[PDB]
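Q: Just the first chains of my complex for now:
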Amino acid sequence: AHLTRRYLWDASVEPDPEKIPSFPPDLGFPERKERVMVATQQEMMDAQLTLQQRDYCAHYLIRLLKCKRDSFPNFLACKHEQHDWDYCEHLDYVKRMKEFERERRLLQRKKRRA
Amino acid sequence: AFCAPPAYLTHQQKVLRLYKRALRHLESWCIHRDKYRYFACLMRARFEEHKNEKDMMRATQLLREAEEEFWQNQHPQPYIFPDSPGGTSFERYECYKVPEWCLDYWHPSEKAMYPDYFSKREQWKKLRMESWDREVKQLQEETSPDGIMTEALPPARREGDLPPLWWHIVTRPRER
Amino acid sequence: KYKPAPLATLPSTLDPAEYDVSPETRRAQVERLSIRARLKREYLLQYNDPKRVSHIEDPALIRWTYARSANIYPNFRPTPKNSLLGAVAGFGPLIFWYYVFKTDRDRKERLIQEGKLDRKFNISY
Amino acid sequence: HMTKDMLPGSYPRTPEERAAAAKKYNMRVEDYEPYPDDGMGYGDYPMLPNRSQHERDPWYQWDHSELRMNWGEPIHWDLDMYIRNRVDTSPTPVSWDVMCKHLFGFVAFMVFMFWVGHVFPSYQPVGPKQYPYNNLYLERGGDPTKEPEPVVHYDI
Amino acid sequence: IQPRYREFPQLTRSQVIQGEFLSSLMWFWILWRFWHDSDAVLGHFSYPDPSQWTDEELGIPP
Amino acid sequence: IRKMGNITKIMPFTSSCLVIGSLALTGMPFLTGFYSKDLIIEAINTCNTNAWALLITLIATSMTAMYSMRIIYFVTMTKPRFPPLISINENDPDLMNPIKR
Amino acid sequence: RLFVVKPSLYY
Amino acid sequence: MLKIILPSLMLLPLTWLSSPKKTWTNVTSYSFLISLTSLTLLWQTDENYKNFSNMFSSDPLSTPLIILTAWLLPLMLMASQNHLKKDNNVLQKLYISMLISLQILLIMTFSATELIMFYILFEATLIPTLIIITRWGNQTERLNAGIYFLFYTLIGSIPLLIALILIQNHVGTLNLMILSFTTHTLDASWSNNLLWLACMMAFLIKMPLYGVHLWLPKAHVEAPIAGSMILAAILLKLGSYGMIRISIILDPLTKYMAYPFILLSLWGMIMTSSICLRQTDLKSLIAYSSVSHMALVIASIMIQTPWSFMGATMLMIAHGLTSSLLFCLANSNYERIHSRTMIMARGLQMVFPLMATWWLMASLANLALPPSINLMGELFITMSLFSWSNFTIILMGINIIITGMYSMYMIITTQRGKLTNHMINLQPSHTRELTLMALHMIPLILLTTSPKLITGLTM
Amino acid sequence: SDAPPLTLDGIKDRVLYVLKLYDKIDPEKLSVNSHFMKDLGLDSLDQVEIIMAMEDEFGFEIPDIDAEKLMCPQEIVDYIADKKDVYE
């Protein structure tokens, strides 16, 4: 895959994960949009979460923990919540796949310009 | 492990020991007893081939090539016998294998019980002092002034009297 | 194949000097045997010697201890490579450690005089 | 009980002294051979084979079953490291040079490949995880009086 | 108990049926939570093949 | 192992439990090994992990099953290469209940 | 039912 | 303080005139009463140090040594009660009198303020030790050992005295805390440097470095249980206490007048800890271990940090007790055998089932097993030395490792093998020696519990 | 799980069992003192293999010093008895 494509095949176009905004953020979007958060600092604080834990996918997780505490001994009662939480994390990982692909295509464009 | 060996050896015992060692290492290599029997028979044939030969030249040559082949094709982790060196029971019980002379320092309040057994120790030690001095002359009379001796020990050439140096062997605790 | 070493000696069998059939060497072996048998018999005439109320003395052990402890300086004769190894072991490493420590302390001192080294929380020292 | 005649002495430069020393240590002359004379203190204590004590015949019921050493059998000057709870010269089917070579080769290969993989690593073909509030610039201490780089995150 | 010699011993049913119990129980539980979580080894989510996206989105200049 | 075999027939209980443990260590899907091992093997390839490290780790994940089935074969599936005498006993509760729990 | 040799233990 | 001394000055005529059948018990029990009364010093409600006259005083750094001495006296007595059993009543009475004189001198010195009184007592400590060592040994080299002891000590003594004179003249008085409240700083020239030397050289020669550790093994070997006890416990501590009390004046010299001594102490710790592996003689092994720990004490004393001083005192007390205990155990195994050698008697723990647990509980305290004042001291001292430099944890660790090694080597060549078969002379444990072990141990437990007493000046 | 100790009758019956399952020379009728090399014209190879089979039958090992000298089933049994300390 991209690994060998980078190492033994073409050696520069294969992007670098750690410099993604190296390209302007709106090189193809007329007035690009931005993201949104559905849970406030106060809530994500009082709920006592962690830093590798609190992302844009936090409200699903808050509702999950509520439904998990409530009915504790009757555990396994929070599964439609886990499904949705994993769904949101899938969405985020897909957004990241798409940003990486975006940078790949933009490097393709730059090199097509020479 | 009771009798002692001679200083020198002989081609006979050398070859025997090589045989036993190789067969054990083969039992270790080839696990299944069928395969072990097979290859053991093969080794037996290999030996019986040169058996009848007697020329010290061929003897030494074959023996010193056999030892090299053995050391070069032996088993790294061989099959040790538990109750023997290398195993997982060697000395395991020596922590419990106390000798007898610890007895004497018992307290009378303790040997009060176990009375019978202590009723027989005396007639055992009594079976020692009464026949000790004799066990010396048997050697000091037969301490051949030639002065070329082995570690063997002669028996009681008389009857009734006991042998020499039986204490360090008798009373040797059990193995358990 | 195989080679000797200071650790893994050439095992018994392979030793070319074994399998020898020399009458003189076999006689030496038998003399060693006579010796060892005399020793073991003298030892067994005491291991079982009744009327005994004590233990055995190991003069080999005593002599070994004497030679490791007190027979040293008398038979000691100073020579070079010996004086040399001694002066080395007595001087070298001390001075190495010392240069190390002095350089470190001077680094620390100049750093502080500059007023840089983060010493926050070094309240107990 | 002991005595000077029964105890060690100086380096015997004459067979006259050598033979008496041997019959004292309970050995034989032609086998007796002391240490060299560099004045380190060896004196006249025999030089014996640099063999461990795992080698000795383990079957014979030695008197010192923990040392496999008999009563007066002279004592190797360096026994303290051959007491059998320590260094073992038990010969190996494999040999010294070859075993050291194997080990060093393996370890070098391993560390070299680890450096190789650090220089050319693996990673999943995606970007870096996002974070809403300036990478939570507050919860990482930050401060309530500073507006650093506005880290805005967009949709694709 | 009473030993044997170069023969197979007469065994009790308790130990053997306890072994069978344990093994059948493992198989049962495995099948149960396999039924219930067949995706824990596969996943309900679809991983995408790039070259299926569109320069339309994620705007690009040609 | 070189002097044991037929352990299944001669002693079903310990063999069943040993197989349970062997498969759990291999990573059988639902035997309390999975629920950590497989998430770990997810992350190991999912993150920016050094190549050689990942690689030898997976090789080891294989060698697990390797020597587990080694135990199995040499102890539980080949012939009874152990001595003739036999005094087996495992019907004792102090040794049959703990393994069960 | 056999003996078991041991030290004093009273002291 | 007279309440501690006078009775210790009455035990003497008591011993002289008491009947043979009763002198032992009488003197022992009354010495224990003295040990008890010796705790009044611990009523240190507030920080105002205790002062009884212009001639005596106490302090947190001295009180521990005082109690430890008054409590090691009777243990010496008891451990000295099976040998010299065929020696006349008059001779054993002399022995008791010498022990008691040692006790009294040590108390008076660890209490006194004027370093000149401290010094005369520090040098009067000898006569009883030299005597005890020459007239009650068991070998012949005890003579050379006593000579070395005496002359090392006096060579140290001399320039110390000369510097005390120079001080008494330049300064007005020698009393402590006056030396403090009227100290000053020195131009730091060769004169003041040689003064620093002539002041510390004796205390160092006593608390042995690598260079002058030679008189310790000879003493602890050729000499009997009581001499070994008192050496390993106190007669070293005297140097440490003197150095602590005196270094108060020599600021700043001790910053660059230490590198050689710290270097020597550390290297010697290491080399001696190594020799402890291959030293046959058990008592010699113990002595070199003592050297290895007193080197830490010295390295912690020089650099003058509070953590360092508290660690020094902790390790000091701990080593004192532990070495007395190990020496009791050695003597015990000797009276039955009459050979110090380690490899002769082996594979015990089958006939001395309990004693082992008095062997074990010592090693664990030597190798710094916590929770023990031993490890607390080792660790605080390692902390101070790490602050003083980052490249000393190396040596601390090498020493810790080699100790963890040879302690167990000692355990295992005497209580872990298989029993010999010609040691028919194994008289089982005596209640007396078991008691000595228990008494050396228990205080370690109580102090591990509440160590605030045993901290030092800075706490 | 310790089985009971060994007795002389058991030892003897076992040794006969094994030396009878042997096939080379034994005419299926072994006297307790049926000397191998003398009274049965056996070979050193055969004797050593017998010793090895006995080692395997009784778990422990017989050292060479005595394997080379054993020439009688009664002697083998006496050896085993003086090694395991049987017949209180």
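A: Looks like it arrived, so ask away. Numbers count the residues shown, from 1 in each chain, chains lettered A, B, ... in the order given.
Q: can you pull out the helices in chain E?
A: E:13-36 (DSSP state H).
Q: residue of it with the smallest distance to chain B?
A: Minimum separation of chain E from chain B (Cβ to the nearest Cβ) falls at residue E:6, amounting to 13.3 Å. All C-beta atoms are positioned from the backbone trio N, CA, C, and that covers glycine.
Q: How about the secondary structure of the nearest residue to residue A:58 once chain neighbours are set aside?
A: Leaving aside its chain neighbours, residue A:58 sits nearest to residue A:39 (4.7 Å; criterion: Cβ to Cβ, 6 or more residues apart in numbering or on different chains). Put simply, residue A:39 is coil when judged by DSSP: H, G, I helix; E, B strand; the rest coil.
Q: Quick check: residue B:171 is in a helix.
A: No: counting by three-state DSSP, residue B:171 is not part of a helix but coil.
Q: residues in contact with it?
A: B:99, B:100 (Cβ atoms under 8 Å, 6 or more residues apart in numbering or on different chains).
Q: Chain I versus the residue of chain E closest to chain B, what's the distance?
A: Separation of residue E:6 from chain I (Cβ to the nearest Cβ, to the nearest Å): 9 Å.
Q: put chain J on too:
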Amino acid sequence: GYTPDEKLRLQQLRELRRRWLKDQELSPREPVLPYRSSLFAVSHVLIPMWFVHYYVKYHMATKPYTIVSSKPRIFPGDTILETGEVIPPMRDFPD
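A: Adding chain J to the chains above:
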């Protein structure tokens, strides 16, 4: 093979050992010698529980920072056993 003197010595020592062990045997009458569930529950759970509850509730919680009850994990909507008026939920939960 064995020498006859060796065989004879062996026979002697064997008939001596097989009597020494017959001796090391011991006759009878030597060694001479001159609900529980609830009781255990009590003596090994209850009493210590009483002592320890005393210790805790009157020597440890009676001191500034002996025990530190980590703050509970509130959620949105969750009310409060103290005054703690109702709290707000989040905004849209699309999908």
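Q: Check the contacts of residue B:171 one more time with chain J there.
A: Residue B:171 neighbours (Cβ under 8 Å, 6+ apart): B:99, B:100, J:20.
Q: Report the buried members of these.
A: The neighbour count (16 or more other Cβ atoms under 10 Å in any protein chain shown) marks B:99, B:100, J:20 as buried among these.
Q: and the last one, helix, strand or coil?
A: Spelled out, it's residue J:20. helix.
Q: Quick check, it in contact with residue B:121.
A: No: between residue J:20 and residue B:121 there is no contact under Cβ atoms under 8 Å: 10.6 Å.
Q: packing partners for the lengthiest helix in chain C?
A: The longest helix of chain C (DSSP H) is helix C:82-114. If contacts are counted by 3 or more Cβ pairs under 8 Å, 6 or more residues apart in numbering or on different chains; DSSP states H and E, helix C:82-114 sits against helix H:259-278.
Q: Which positions within the helix it packs on qualify as buried?
A: The neighbour-count check on helix H:259-278 (16+ other Cβ under 10 Å) flags H:259, H:261-277 as buried.
Q: now that helix and helix C:82-114, what's the angle there?
A: Interaxial angle, helix H:259-278 versus helix C:82-114 (axes from the mean of the first three to the mean of the last three Cα atoms, to 10 degrees): 130 degrees.
Q: include chain K too:
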Amino acid sequence: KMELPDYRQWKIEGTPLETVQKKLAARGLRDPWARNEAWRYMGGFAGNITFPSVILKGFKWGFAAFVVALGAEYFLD
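A: Chain K added:
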């Protein structure tokens, strides 16, 4: 008291020791101890035990209980 069997009912019929002895008659050789070793390979210690035969212990009743609980779940929602 324990007892032993005879010393004749141990054979090599159809056992791998038979193939062995065949190859040994080919090489021109013997195999004495075969009979002794043959206390295994027959009797109750026979049967070529197999990886599935040990793994799948219980498997049958496990599937039976699978079906039991499946029907119960369907009847009980």
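Q: so, the contacts of residue B:171 revisited with chain K in the model?
A: For residue B:171, the contact set (Cβ under 8 Å, 6+ apart) comprises B:99, B:100, J:20.
Q: didn't residue H:225 look like it was pressed against residue H:77?
A: No: contact criterion Cβ under 8 Å: residue H:225 and residue H:77 do not qualify, at 10.5 Å.
Q: now the helices: where do they sit in chain F?
A: So, for chain F - with DSSP H - the helices run F:7-10, F:12-26, F:34-46, F:51-72, F:93-100.
Q: Can you tell me how far the spatially most central residue of chain K is from chain B?
A: By Cα atoms, centre = their mean, chain K has its centre lying nearest to residue K:47, at 2.4 Å. Separation of residue K:47 from chain B (Cβ to the nearest Cβ): 16 Å.
Q: Let me see the contact set for that residue.
A: residue F:9.
Q: Could you look up the SS state of it?
A: Applying three-state DSSP to residue K:47 yields a three-state assignment of coil.
Q: Apart from its chain neighbours, what residue comes closest to the residue of chain E found nearest chain G?
A: Residue nearest to chain G within chain E: residue E:1 (20.2 Å; Cβ to the nearest Cβ). Leaving aside its sequence neighbours, residue E:1 sits nearest to residue F:89 (Cβ to Cβ, 6+ apart; 6.1 Å).
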